[PDB]
Protein chains: 2
Amino acid sequence: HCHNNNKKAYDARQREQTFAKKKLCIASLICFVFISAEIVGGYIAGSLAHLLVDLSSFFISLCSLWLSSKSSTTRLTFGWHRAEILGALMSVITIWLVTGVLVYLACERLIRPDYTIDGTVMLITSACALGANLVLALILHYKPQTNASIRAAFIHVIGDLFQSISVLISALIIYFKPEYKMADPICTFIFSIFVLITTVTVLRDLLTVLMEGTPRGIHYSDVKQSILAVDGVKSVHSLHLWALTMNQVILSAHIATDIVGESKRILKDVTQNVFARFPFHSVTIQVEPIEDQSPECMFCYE
Amino acid sequence: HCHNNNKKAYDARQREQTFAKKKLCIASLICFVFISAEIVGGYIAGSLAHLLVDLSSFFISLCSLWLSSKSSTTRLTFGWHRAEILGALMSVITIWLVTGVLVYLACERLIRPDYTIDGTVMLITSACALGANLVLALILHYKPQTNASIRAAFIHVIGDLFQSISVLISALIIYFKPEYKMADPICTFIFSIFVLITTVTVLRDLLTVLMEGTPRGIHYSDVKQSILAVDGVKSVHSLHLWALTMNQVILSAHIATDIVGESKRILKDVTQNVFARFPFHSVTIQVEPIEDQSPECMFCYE
Ligand SMILES: [Zn+2]
Ligand SMILES: [Zn+2]
Ligand SMILES: [Zn+2]
Ligand SMILES: [Zn+2]
Ligand SMILES: [Zn+2]
Ligand SMILES: [Zn+2]
């Protein structure tokens, strides 16, 4: 049967969805408890948050992981396995919106200075936030790539850590020197570009998956030579590779043979060699006689 | 050759990209001229816009249409043809953000009433906006579906038309009865739900394309019977259909044959019958002997 070699690709996926669900679930509880500490800390202090969207970011990334367990349907024939890639794009988009709003809020503070703020509250608030974010980063943190959902709930955690550094640095200089208060808002600006830089290597490895591009991990040239290693085959055209999710790849190609007879042996030999370089989700390979091959058609050009 | 029947699918696409580029280009010029009318209308009136994002919405939908003309590459093997689907998702997202901001702005006006506004400016501004939006809607406005880019620059145009109706109704009731000014803000609320309803039948026909779902236009059952019409074939398993863009579909299936000999005739017969029901972008069909078929494997279940 042609489904014999798919066990390895099926076995690994089941372990990764359970392992990633457990790790993300534990971190959600810590965030929920940490938020509750603000309310019980005080009334006036708690009256004056950013942690509200943290609950949403840790709910979408976990709710979307449940739909990936759904079965097939006459629509969405492959399945719901791409819900994690598309469900981890909204989380990264949320980082851009929150930073943009916070930058706009900081801009208003620059033109209109304020003095009602007190440094005592800032120091105690920064210390509590720094500890919670640092521990939450550690628990989230041929070799398979990282999951496409734990890689989108980790950039947000490191995003809030930088703001914690910025507020501590800004508050520290105020105590040492009360003057030059105009340099307080610019601390956010100098520590906001870094948040918009760390989200550039994620929004590229995740945007070539949503437009049928070859994922990181497999090389086009390596696969092309592997098929040609078989003595029976002659040439390959219209090779197609695309990634259904981050660590699942699919293959589809044409093969031209020299001898029409005993073509079943060629099909079995090619499949075994292809599967010896990567665990493929599925593979579909045609056979075409050499006498019908034509080189003048445009579609066979790379 | 196996590329003989792809001419029909290639010919139609070239015409649609040129026809859609011409229509969208003309509408952009009208919007640019219409915006310039506000500045030359007056100084104090022009000092006190929403049309700024209209230029961006009519630039992304046209700039993204250029990348779809790019050639293939060792990465993104299929091509850049899905840039229009992904480039028409940001335009719809922009509608949600603008409405949300405008709703928030209207909320502040409700709690804090204002009287500095004059109805004379509102009436003349609404009349000019209503005419420009109405004409722009008309020019944009087996049978192929509409393009995936003209269907995302048309929802925005009809989105601004409803706001033009709302401001005219709100201004009209003020002149008839200066009292009950608290009913002015609710006019926007009663005419903002409609904008968030008209963008629900678009964000569904466009989200099952980005997750390898069957598009509107082709039925799974119809294709399955078409292959089985051939006397040579016995059964089909692991049938896969997905849409690369809105009006381009791809097929991939397995076929089990009874007689090993003369298998080349079966491959040619199946391809002709499949192409007689829909113009397919590409088709890949395997052949598997009956003696190797096994029914106990789980992967052959629908
Ligand atoms: Zn099979
Ligand atoms: Zn955050
Ligand atoms: Zn060819
Ligand atoms: Zn071929
Ligand atoms: Zn608009
Ligand atoms: Zn099977």
# chains A, B, ... in the order shown; residues from 1 in each chain; ligands from 1
$ interface_residues --of "chain B" --to "chain A" --cutoff "9 Å" --atoms "only C-alpha atoms" --output "VMD selection string"
chain B and resid 1 to 4 72 to 83 86 208 210 to 215 220 to 221 239 to 242 244 252 to 254 260 to 261 264 284 to 289 292 to 294 297 to 300 302
$ select_by_dssp --residues "stretch 192-269 of chain B" --states "strand (DSSP E or B)" --output "NGL selection string"
:B and (233-235 or 240-245 or 248-253 or 256-257)
$ write_last_selection --atoms "N, CA, C and O atoms" --output "JSON list (two decimals), in the first residue's frame"
[["chain", "number", "residue", "atom", "x", "y", "z"],
["B", 233, "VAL", "N", -11.22, 2.40, -14.59],
["B", 233, "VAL", "CA", -10.98, 2.66, -13.18],
["B", 233, "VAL", "C", -11.93, 1.82, -12.32],
["B", 233, "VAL", "O", -13.00, 1.38, -12.76],
["B", 234, "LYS", "N", -11.52, 1.60, -11.07],
["B", 234, "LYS", "CA", -12.31, 0.84, -10.11],
["B", 234, "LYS", "C", -12.72, 1.68, -8.91],
["B", 234, "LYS", "O", -13.91, 1.73, -8.57],
["B", 235, "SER", "N", -11.78, 2.35, -8.25],
["B", 235, "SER", "CA", -12.09, 3.17, -7.10],
["B", 235, "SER", "C", -11.07, 4.30, -7.00],
["B", 235, "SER", "O", -9.96, 4.21, -7.53],
["B", 240, "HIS", "N", -8.01, 15.08, -3.55],
["B", 240, "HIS", "CA", -7.64, 16.36, -2.97],
["B", 240, "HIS", "C", -7.97, 17.48, -3.95],
["B", 240, "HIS", "O", -7.55, 17.43, -5.11],
["B", 241, "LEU", "N", -8.71, 18.48, -3.48],
["B", 241, "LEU", "CA", -9.00, 19.68, -4.25],
["B", 241, "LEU", "C", -8.68, 20.90, -3.41],
["B", 241, "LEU", "O", -9.01, 20.95, -2.22],
["B", 242, "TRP", "N", -8.04, 21.89, -4.03],
["B", 242, "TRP", "CA", -7.79, 23.16, -3.36],
["B", 242, "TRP", "C", -7.69, 24.25, -4.41],
["B", 242, "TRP", "O", -7.43, 23.98, -5.59],
["B", 243, "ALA", "N", -7.91, 25.49, -3.98],
["B", 243, "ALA", "CA", -7.94, 26.63, -4.88],
["B", 243, "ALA", "C", -6.70, 27.48, -4.65],
["B", 243, "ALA", "O", -6.46, 27.95, -3.53],
["B", 244, "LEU", "N", -5.91, 27.67, -5.70],
["B", 244, "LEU", "CA", -4.72, 28.51, -5.58],
["B", 244, "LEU", "C", -5.10, 29.98, -5.52],
["B", 244, "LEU", "O", -4.54, 30.74, -4.73],
["B", 245, "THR", "N", -6.07, 30.39, -6.34],
["B", 245, "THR", "CA", -6.72, 31.68, -6.22],
["B", 245, "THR", "C", -8.22, 31.45, -6.42],
["B", 245, "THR", "O", -8.68, 30.30, -6.44],
["B", 248, "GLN", "N", -9.02, 29.59, -9.96],
["B", 248, "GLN", "CA", -8.07, 28.58, -10.44],
["B", 248, "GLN", "C", -8.05, 27.44, -9.44],
["B", 248, "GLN", "O", -7.76, 27.65, -8.26],
["B", 249, "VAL", "N", -8.33, 26.23, -9.91],
["B", 249, "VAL", "CA", -8.43, 25.06, -9.04],
["B", 249, "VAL", "C", -7.50, 23.98, -9.54],
["B", 249, "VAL", "O", -7.16, 23.92, -10.73],
["B", 250, "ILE", "N", -7.08, 23.10, -8.63],
["B", 250, "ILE", "CA", -6.13, 22.04, -8.92],
["B", 250, "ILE", "C", -6.71, 20.72, -8.41],
["B", 250, "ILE", "O", -7.46, 20.69, -7.43],
["B", 251, "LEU", "N", -6.36, 19.63, -9.09],
["B", 251, "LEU", "CA", -6.87, 18.31, -8.77],
["B", 251, "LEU", "C", -5.71, 17.35, -8.51],
["B", 251, "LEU", "O", -4.64, 17.47, -9.11],
["B", 252, "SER", "N", -5.94, 16.40, -7.61],
["B", 252, "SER", "CA", -4.95, 15.37, -7.31],
["B", 252, "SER", "C", -5.66, 14.18, -6.69],
["B", 252, "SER", "O", -6.38, 14.33, -5.71],
["B", 253, "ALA", "N", -5.45, 12.99, -7.26],
["B", 253, "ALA", "CA", -6.17, 11.81, -6.83],
["B", 253, "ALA", "C", -5.37, 10.56, -7.16],
["B", 253, "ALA", "O", -4.41, 10.61, -7.94],
["B", 256, "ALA", "N", -7.10, 3.20, -9.05],
["B", 256, "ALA", "CA", -6.77, 1.78, -9.07],
["B", 256, "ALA", "C", -7.34, 1.16, -10.34],
["B", 256, "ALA", "O", -8.52, 1.33, -10.64],
["B", 257, "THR", "N", -6.49, 0.44, -11.08],
["B", 257, "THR", "CA", -6.88, -0.18, -12.33],
["B", 257, "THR", "C", -6.94, -1.69, -12.18],
["B", 257, "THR", "O", -6.33, -2.28, -11.28]]
$ residues_near_ligand --ligand "ligand 2" --cutoff "10 Å" --atoms "only C-alpha atoms and all ligand atoms" --output "PDB file with N, CA and C atoms, in the first residue's frame"
ATOM      1  N   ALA A  49      -5.722  47.371  31.871  1.00  0.00           N
ATOM      2  CA  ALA A  49      -4.272  47.505  31.800  1.00  0.00           C
ATOM      3  C   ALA A  49      -3.719  46.797  30.568  1.00  0.00           C
ATOM      4  N   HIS A  50      -2.394  46.840  30.411  1.00  0.00           N
ATOM      5  CA  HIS A  50      -1.760  46.168  29.281  1.00  0.00           C
ATOM      6  C   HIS A  50      -1.926  44.656  29.364  1.00  0.00           C
ATOM      7  N   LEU A  51      -2.068  44.115  30.574  1.00  0.00           N
ATOM      8  CA  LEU A  51      -2.213  42.676  30.751  1.00  0.00           C
ATOM      9  C   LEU A  51      -3.547  42.145  30.244  1.00  0.00           C
ATOM     10  N   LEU A  52      -4.503  43.020  29.925  1.00  0.00           N
ATOM     11  CA  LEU A  52      -5.798  42.552  29.443  1.00  0.00           C
ATOM     12  C   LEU A  52      -5.663  41.829  28.108  1.00  0.00           C
ATOM     13  N   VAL A  53      -4.880  42.388  27.181  1.00  0.00           N
ATOM     14  CA  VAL A  53      -4.694  41.742  25.887  1.00  0.00           C
ATOM     15  C   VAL A  53      -3.804  40.512  25.995  1.00  0.00           C
ATOM     16  N   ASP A  54      -3.030  40.388  27.075  1.00  0.00           N
ATOM     17  CA  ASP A  54      -2.237  39.180  27.274  1.00  0.00           C
ATOM     18  C   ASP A  54      -3.126  37.957  27.442  1.00  0.00           C
ATOM     19  N   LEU A  55      -4.266  38.110  28.118  1.00  0.00           N
ATOM     20  CA  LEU A  55      -5.214  37.006  28.222  1.00  0.00           C
ATOM     21  C   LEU A  55      -5.758  36.617  26.853  1.00  0.00           C
ATOM     22  N   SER A  56      -6.086  37.608  26.022  1.00  0.00           N
ATOM     23  CA  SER A  56      -6.579  37.316  24.679  1.00  0.00           C
ATOM     24  C   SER A  56      -5.508  36.645  23.829  1.00  0.00           C
ATOM     25  N   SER A  57      -4.259  37.109  23.933  1.00  0.00           N
ATOM     26  CA  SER A  57      -3.181  36.503  23.159  1.00  0.00           C
ATOM     27  C   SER A  57      -2.916  35.066  23.589  1.00  0.00           C
ATOM     28  N   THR A  94      -1.434  41.734  16.448  1.00  0.00           N
ATOM     29  CA  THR A  94      -1.782  42.427  17.685  1.00  0.00           C
ATOM     30  C   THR A  94      -0.580  43.150  18.285  1.00  0.00           C
ATOM     31  N   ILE A  95       0.624  42.598  18.124  1.00  0.00           N
ATOM     32  CA  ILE A  95       1.820  43.266  18.634  1.00  0.00           C
ATOM     33  C   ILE A  95       2.006  44.618  17.956  1.00  0.00           C
ATOM     34  N   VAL A  98      -0.739  47.223  19.317  1.00  0.00           N
ATOM     35  CA  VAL A  98      -0.525  47.683  20.686  1.00  0.00           C
ATOM     36  C   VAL A  98       0.647  48.654  20.750  1.00  0.00           C
ATOM     37  N   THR A  99       1.738  48.340  20.048  1.00  0.00           N
ATOM     38  CA  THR A  99       2.882  49.247  20.024  1.00  0.00           C
ATOM     39  C   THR A  99       2.518  50.576  19.373  1.00  0.00           C
ATOM     40  N   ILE A 155       7.026  35.579  21.195  1.00  0.00           N
ATOM     41  CA  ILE A 155       7.418  36.921  20.777  1.00  0.00           C
ATOM     42  C   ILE A 155       6.654  37.975  21.565  1.00  0.00           C
ATOM     43  N   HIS A 156       5.385  37.712  21.885  1.00  0.00           N
ATOM     44  CA  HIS A 156       4.626  38.653  22.703  1.00  0.00           C
ATOM     45  C   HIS A 156       5.200  38.755  24.111  1.00  0.00           C
ATOM     46  N   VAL A 157       5.607  37.624  24.695  1.00  0.00           N
ATOM     47  CA  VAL A 157       6.165  37.647  26.044  1.00  0.00           C
ATOM     48  C   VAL A 157       7.460  38.447  26.075  1.00  0.00           C
ATOM     49  N   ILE A 158       8.338  38.229  25.093  1.00  0.00           N
ATOM     50  CA  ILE A 158       9.562  39.017  25.028  1.00  0.00           C
ATOM     51  C   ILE A 158       9.268  40.458  24.633  1.00  0.00           C
ATOM     52  N   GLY A 159       8.113  40.714  24.014  1.00  0.00           N
ATOM     53  CA  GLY A 159       7.739  42.085  23.708  1.00  0.00           C
ATOM     54  C   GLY A 159       7.463  42.906  24.953  1.00  0.00           C
ATOM     55  N   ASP A 160       6.743  42.329  25.917  1.00  0.00           N
ATOM     56  CA  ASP A 160       6.450  43.040  27.154  1.00  0.00           C
ATOM     57  C   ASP A 160       7.667  43.152  28.060  1.00  0.00           C
ATOM     58  N   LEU A 161       8.645  42.255  27.914  1.00  0.00           N
ATOM     59  CA  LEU A 161       9.846  42.329  28.739  1.00  0.00           C
ATOM     60  C   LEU A 161      10.645  43.590  28.437  1.00  0.00           C
ATOM     61  N   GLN A 163       9.537  46.512  27.388  1.00  0.00           N
ATOM     62  CA  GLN A 163       8.881  47.661  28.004  1.00  0.00           C
ATOM     63  C   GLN A 163       9.188  47.729  29.495  1.00  0.00           C
TER      64      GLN A 163
END
$ select_by_dssp --residues "stretch 107-220 of chain A" --states "helix (DSSP H, G or I)" --output "JSON list (two decimals) with C-alpha atoms, in the first residue's frame"
[["chain", "number", "residue", "atom", "x", "y", "z"],
["A", 107, "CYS", "CA", 3.66, 61.21, 21.85],
["A", 108, "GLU", "CA", 0.95, 63.16, 23.68],
["A", 109, "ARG", "CA", 3.04, 63.05, 26.87],
["A", 110, "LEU", "CA", 6.00, 64.64, 25.07],
["A", 111, "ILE", "CA", 4.15, 67.79, 23.97],
["A", 119, "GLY", "CA", 8.52, 57.34, 41.06],
["A", 120, "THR", "CA", 7.75, 55.14, 44.07],
["A", 121, "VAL", "CA", 4.85, 53.43, 42.27],
["A", 122, "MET", "CA", 6.87, 53.07, 39.06],
["A", 123, "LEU", "CA", 9.76, 51.24, 40.74],
["A", 124, "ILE", "CA", 7.56, 48.71, 42.57],
["A", 125, "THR", "CA", 5.39, 48.13, 39.49],
["A", 126, "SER", "CA", 8.39, 47.60, 37.21],
["A", 127, "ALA", "CA", 10.02, 45.10, 39.57],
["A", 128, "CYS", "CA", 6.87, 42.96, 39.78],
["A", 129, "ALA", "CA", 6.39, 43.01, 36.00],
["A", 130, "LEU", "CA", 10.03, 42.16, 35.28],
["A", 131, "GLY", "CA", 9.96, 39.02, 37.41],
["A", 132, "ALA", "CA", 6.72, 37.67, 35.94],
["A", 133, "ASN", "CA", 7.83, 38.17, 32.33],
["A", 134, "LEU", "CA", 11.29, 36.67, 32.85],
["A", 135, "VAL", "CA", 9.99, 33.40, 34.32],
["A", 136, "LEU", "CA", 7.25, 33.14, 31.68],
["A", 137, "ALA", "CA", 9.87, 33.40, 28.93],
["A", 138, "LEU", "CA", 11.86, 30.44, 30.27],
["A", 139, "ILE", "CA", 8.93, 28.01, 30.49],
["A", 140, "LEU", "CA", 7.93, 28.65, 26.87],
["A", 155, "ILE", "CA", 7.42, 36.92, 20.78],
["A", 156, "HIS", "CA", 4.63, 38.65, 22.70],
["A", 157, "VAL", "CA", 6.17, 37.65, 26.04],
["A", 158, "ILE", "CA", 9.56, 39.02, 25.03],
["A", 159, "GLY", "CA", 7.74, 42.08, 23.71],
["A", 160, "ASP", "CA", 6.45, 43.04, 27.15],
["A", 161, "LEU", "CA", 9.85, 42.33, 28.74],
["A", 162, "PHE", "CA", 11.49, 45.16, 26.79],
["A", 163, "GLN", "CA", 8.88, 47.66, 28.00],
["A", 164, "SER", "CA", 9.66, 46.54, 31.56],
["A", 165, "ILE", "CA", 13.34, 47.35, 30.95],
["A", 166, "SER", "CA", 12.45, 50.74, 29.45],
["A", 167, "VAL", "CA", 10.31, 51.87, 32.39],
["A", 168, "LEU", "CA", 12.94, 50.79, 34.92],
["A", 169, "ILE", "CA", 15.68, 52.70, 33.08],
["A", 170, "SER", "CA", 13.46, 55.76, 32.67],
["A", 171, "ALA", "CA", 12.51, 55.76, 36.36],
["A", 172, "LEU", "CA", 16.11, 55.21, 37.49],
["A", 173, "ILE", "CA", 17.46, 58.33, 35.78],
["A", 174, "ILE", "CA", 14.66, 60.44, 37.30],
["A", 175, "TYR", "CA", 15.73, 59.59, 40.86],
["A", 176, "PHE", "CA", 19.41, 60.27, 40.13],
["A", 183, "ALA", "CA", 14.39, 62.60, 28.14],
["A", 184, "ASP", "CA", 11.81, 60.42, 29.90],
["A", 185, "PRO", "CA", 9.47, 59.85, 26.89],
["A", 186, "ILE", "CA", 12.32, 59.16, 24.45],
["A", 187, "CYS", "CA", 13.26, 56.07, 26.47],
["A", 188, "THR", "CA", 10.13, 54.36, 25.14],
["A", 189, "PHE", "CA", 11.06, 55.35, 21.57],
["A", 190, "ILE", "CA", 14.58, 53.93, 21.86],
["A", 195, "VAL", "CA", 10.11, 45.18, 19.51],
["A", 196, "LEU", "CA", 9.44, 45.97, 15.83],
["A", 197, "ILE", "CA", 12.73, 44.31, 14.84],
["A", 198, "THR", "CA", 12.28, 41.00, 16.68],
["A", 202, "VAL", "CA", 8.86, 35.55, 12.40],
["A", 203, "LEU", "CA", 6.61, 37.33, 9.90],
["A", 204, "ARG", "CA", 8.74, 35.94, 7.05],
["A", 205, "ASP", "CA", 9.04, 32.26, 8.00],
["A", 220, "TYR", "CA", 14.80, 22.06, -3.86]]
$ residues_around --residues "residue B:65" --least-positions-apart "5" --cutoff "12 Å" --atoms "only C-alpha atoms" --output "JSON list (two decimals) with N, CA, C and O atoms, in the first residue's frame"
[["chain", "number", "residue", "atom", "x", "y", "z"],
["B", 16, "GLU", "N", -8.05, 38.51, -17.60],
["B", 16, "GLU", "CA", -8.66, 39.04, -16.38],
["B", 16, "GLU", "C", -7.72, 39.99, -15.65],
["B", 16, "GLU", "O", -8.17, 40.96, -15.04],
["B", 17, "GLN", "N", -6.41, 39.72, -15.68],
["B", 17, "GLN", "CA", -5.49, 40.63, -15.00],
["B", 17, "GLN", "C", -5.37, 41.96, -15.72],
["B", 17, "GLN", "O", -5.18, 43.00, -15.08],
["B", 18, "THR", "N", -5.47, 41.96, -17.06],
["B", 18, "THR", "CA", -5.43, 43.22, -17.80],
["B", 18, "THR", "C", -6.74, 43.98, -17.65],
["B", 18, "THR", "O", -6.73, 45.20, -17.46],
["B", 19, "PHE", "N", -7.87, 43.28, -17.75],
["B", 19, "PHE", "CA", -9.16, 43.94, -17.64],
["B", 19, "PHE", "C", -9.38, 44.52, -16.25],
["B", 19, "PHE", "O", -9.90, 45.64, -16.11],
["B", 20, "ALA", "N", -8.98, 43.79, -15.20],
["B", 20, "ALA", "CA", -9.16, 44.29, -13.84],
["B", 20, "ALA", "C", -8.19, 45.42, -13.52],
["B", 20, "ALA", "O", -8.52, 46.30, -12.72],
["B", 21, "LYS", "N", -7.00, 45.40, -14.12],
["B", 21, "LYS", "CA", -6.05, 46.49, -13.88],
["B", 21, "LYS", "C", -6.55, 47.80, -14.49],
["B", 21, "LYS", "O", -6.39, 48.87, -13.89],
["B", 22, "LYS", "N", -7.15, 47.74, -15.68],
["B", 22, "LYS", "CA", -7.63, 48.95, -16.33],
["B", 22, "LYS", "C", -8.78, 49.58, -15.54],
["B", 22, "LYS", "O", -8.79, 50.80, -15.33],
["B", 24, "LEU", "N", -9.62, 49.28, -12.31],
["B", 24, "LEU", "CA", -9.21, 49.81, -11.01],
["B", 24, "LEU", "C", -8.35, 51.06, -11.17],
["B", 24, "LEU", "O", -8.39, 51.95, -10.31],
["B", 25, "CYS", "N", -7.57, 51.15, -12.25],
["B", 25, "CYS", "CA", -6.74, 52.33, -12.47],
["B", 25, "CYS", "C", -7.58, 53.58, -12.70],
["B", 25, "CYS", "O", -7.25, 54.66, -12.18],
["B", 58, "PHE", "N", -6.80, 52.01, -2.36],
["B", 58, "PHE", "CA", -6.74, 51.93, -3.81],
["B", 58, "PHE", "C", -5.31, 51.84, -4.34],
["B", 58, "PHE", "O", -5.12, 51.80, -5.55],
["B", 59, "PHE", "N", -4.32, 51.83, -3.46],
["B", 59, "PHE", "CA", -2.93, 51.62, -3.85],
["B", 59, "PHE", "C", -2.45, 50.20, -3.55],
["B", 59, "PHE", "O", -1.77, 49.60, -4.38],
["B", 60, "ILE", "N", -2.80, 49.67, -2.37],
["B", 60, "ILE", "CA", -2.43, 48.29, -2.05],
["B", 60, "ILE", "C", -3.10, 47.32, -3.01],
["B", 60, "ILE", "O", -2.47, 46.39, -3.52],
["B", 70, "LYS", "N", 4.76, 38.44, -11.59],
["B", 70, "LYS", "CA", 6.14, 38.00, -11.49],
["B", 70, "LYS", "C", 6.27, 36.54, -11.91],
["B", 70, "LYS", "O", 5.30, 35.77, -11.91],
["B", 80, "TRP", "N", 3.61, 33.65, -7.67],
["B", 80, "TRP", "CA", 3.10, 34.72, -6.83],
["B", 80, "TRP", "C", 1.61, 34.98, -7.05],
["B", 80, "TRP", "O", 1.14, 36.08, -6.75],
["B", 81, "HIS", "N", 0.87, 34.00, -7.55],
["B", 81, "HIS", "CA", -0.53, 34.21, -7.90],
["B", 81, "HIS", "C", -1.44, 34.35, -6.69],
["B", 81, "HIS", "O", -2.58, 34.80, -6.85],
["B", 82, "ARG", "N", -0.99, 33.96, -5.50],
["B", 82, "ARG", "CA", -1.81, 34.11, -4.30],
["B", 82, "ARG", "C", -1.57, 35.43, -3.59],
["B", 82, "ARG", "O", -2.10, 35.65, -2.50],
["B", 83, "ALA", "N", -0.79, 36.34, -4.19],
["B", 83, "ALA", "CA", -0.60, 37.65, -3.58],
["B", 83, "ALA", "C", -1.89, 38.47, -3.60],
["B", 83, "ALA", "O", -2.09, 39.32, -2.73],
["B", 84, "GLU", "N", -2.76, 38.24, -4.58],
["B", 84, "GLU", "CA", -4.02, 38.99, -4.64],
["B", 84, "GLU", "C", -4.96, 38.59, -3.51],
["B", 84, "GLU", "O", -5.61, 39.45, -2.91],
["B", 85, "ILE", "N", -5.05, 37.29, -3.21],
["B", 85, "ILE", "CA", -5.90, 36.84, -2.11],
["B", 85, "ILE", "C", -5.39, 37.38, -0.78],
["B", 85, "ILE", "O", -6.15, 37.89, 0.04],
["B", 86, "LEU", "N", -4.08, 37.26, -0.55],
["B", 86, "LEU", "CA", -3.50, 37.74, 0.69],
["B", 86, "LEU", "C", -3.40, 39.26, 0.72],
["B", 86, "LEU", "O", -3.45, 39.87, 1.79],
["B", 87, "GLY", "N", -3.26, 39.89, -0.45],
["B", 87, "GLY", "CA", -3.27, 41.34, -0.53],
["B", 87, "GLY", "C", -4.65, 41.96, -0.45],
["B", 87, "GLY", "O", -4.76, 43.17, -0.25],
["B", 88, "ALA", "N", -5.70, 41.16, -0.63],
["B", 88, "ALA", "CA", -7.07, 41.62, -0.45],
["B", 88, "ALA", "C", -7.63, 41.27, 0.91],
["B", 88, "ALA", "O", -8.83, 41.47, 1.15],
["B", 147, "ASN", "N", -13.27, 38.95, -9.80],
["B", 147, "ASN", "CA", -11.87, 38.96, -9.39],
["B", 147, "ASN", "C", -11.77, 39.15, -7.88],
["B", 147, "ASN", "O", -12.65, 39.74, -7.24],
["B", 148, "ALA", "N", -10.69, 38.63, -7.30],
["B", 148, "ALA", "CA", -10.50, 38.70, -5.86],
["B", 148, "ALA", "C", -10.00, 40.06, -5.39],
["B", 148, "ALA", "O", -9.93, 40.28, -4.18],
["B", 149, "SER", "N", -9.64, 40.95, -6.31],
["B", 149, "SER", "CA", -9.19, 42.29, -5.95],
["B", 149, "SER", "C", -10.25, 43.36, -6.16],
["B", 149, "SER", "O", -10.35, 44.28, -5.35],
["B", 150, "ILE", "N", -11.04, 43.27, -7.24],
["B", 150, "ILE", "CA", -12.16, 44.18, -7.44],
["B", 150, "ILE", "C", -13.28, 43.93, -6.44],
["B", 150, "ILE", "O", -14.12, 44.81, -6.23]]
$ closest_residue --among "B:153, B:223, B:45, B:89" --to "ligand 5" --atoms "only C-alpha atoms and all ligand atoms"
B:153
